[PDB]
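First comes the structure, then the notes that go with it.
Pasting the structure below:
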């Protein structure tokens with residue numbers, strides 16, 4: 001439980017990046033620590049509607065295998081409804097790269 005403001009955060013960037021990261025970690029629990037490769041990149045052209053669903057999803061990354069599998073794993077991941085307006089304003093058009101997760 002890292003909270004929404006532990007000291008002076010909520011607009012530093014890493015807070016929003018953490019919400020992007022929550023999807024990254026979710027993807028591993030849909031493959032294994034198999035998703036935990038290395039030396040790869042999987043830029044995904046995604047668009048999350050306010051209802052918490054990806055209307056757009058296109059692999060534009062650098063690894064065709066990682067990206068091909070990522071499409072299915074990400075759809076099986078748990079992504080909540082965008083709450084905070086700042087996060088929502090980004091999530092509605094946040095094409096994120098999904099590479100080997102920590």
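Numbering (the authors' numbering), first residue to last: 1 to 102.
Cβ coordinates follow ideal geometry from the N, Cα and C atoms, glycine included.
Between the Cα of residue i and the Cα atoms of the options, which residue gives the shortest distance?
i: residue 55; options: 46, 63 and 62; result: 46
i: residue 59; options: 95, 34 and 90; result: 95
i: residue 77; options: 6, 1 and 24; result: 24
i: residue 89; options: 18, 28 and 49; result: 49
For residue i, which beta-bridge partners are listed by DSSP?
i: residue 49; result: 53
i: residue 44; result: 59
By how many angstroms is the C-alpha of residue j removed from the C-alpha of residue i?
i: residue 63; j: residue 86; result: 30 Å
i: residue 32; j: residue 74; result: 13 Å
i: residue 82; j: residue 20; result: 11 Å
i: residue 68; j: residue 57; result: 11 Å
i: residue 3; j: residue 65; result: 35 Å
i: residue 98; j: residue 41; result: 7 Å
i: residue 61; j: residue 8; result: 34 Å
In three-state DSSP terms, what is residue i?
i: residue 97; result: strand
i: residue 10; result: coil
For residue i, count the other beta carbons within 10 Å of its own beta carbon; 16 or more makes it buried, fewer makes it exposed. Which is it?
i: residue 44; result: buried
i: residue 92; result: exposed
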